[PDB]
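The chain that follows stands alone, in the form deposited in one PDB entry, written as structure tokens.
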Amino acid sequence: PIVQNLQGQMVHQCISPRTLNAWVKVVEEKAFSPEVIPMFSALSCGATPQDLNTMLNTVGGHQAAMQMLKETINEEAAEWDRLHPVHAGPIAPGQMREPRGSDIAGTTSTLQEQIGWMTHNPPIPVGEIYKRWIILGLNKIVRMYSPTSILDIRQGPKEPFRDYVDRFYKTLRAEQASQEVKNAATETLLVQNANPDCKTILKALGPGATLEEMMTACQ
């Protein structure tokens, strides 16, 4: 990663063995459950493109998902090149060359160049741009590897309402979209798919009931 030293300088630091192992283990244990995305974002805090590639490369298995990840990265790289065409010319002593999409992804850039972009004034955060592309691709994988659809989450006749809401929002979380779309699913399905006993109790509470109030009434 790029961390701050004691002189106000942003300097490169080696990725720690604990960080490497933590990322490998979370993929091993959780596959592509939704909580793997925050794990990846935090473990790649301040990462260079090289560090991001290191983390993705150390993943064992799930190579179909990782290949989909590469395709998403290339799409974002192609879009970046269309939005930032490079301007030919000799690079000045101080400055650094403009980064292409393949430079952000770390395929055509060295670590020294990645450090130069990230520690520049103002910084060009190729690590955060690359991380955005990876997380975009990881969100697609979480979508695809989700076993259940939100329309199939129905409360059982003897299932506690808390367990039903657990399944509802677990399923809703794996279908990543805007909150306007997640609030729409809730207002469309959560009460309507509760079991008959709890459904009649919640409709009397009215639409203005909080989840806390809904869960309290169906205890």
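What we label the rigid core is the largest C-alpha set whose atoms superpose within 1.5 Å from one form to the other. Shifts are known only where both forms have a C-alpha. Note that residue numbering follows the sequence shown and begins at 1.
What comes next is about the form deposited in another entry, which is not displayed.
Rigid core superposed between this form and the one not shown, residues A64, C45, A177, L151 considered: the one with a C-alpha shift of 2 Å or more is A177. Taking 2 Å as the criterion, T186 counts as shifted between this form and the one not shown: its C-alpha moves by at least this amount when the rigid core is aligned.
Between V24 and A177, the Cα distance is smaller in the other entry than in this structure, by no less than 3 angstroms. Note: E180-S41 Cα separation is 3 Å or more shorter in the other entry than here. Regions that shift between this form and the one not shown, defined as runs of three or more consecutive residues whose CA atoms all move by 2 angstroms or more after core superposition, comprise 94-97, 176-182, 184-188.
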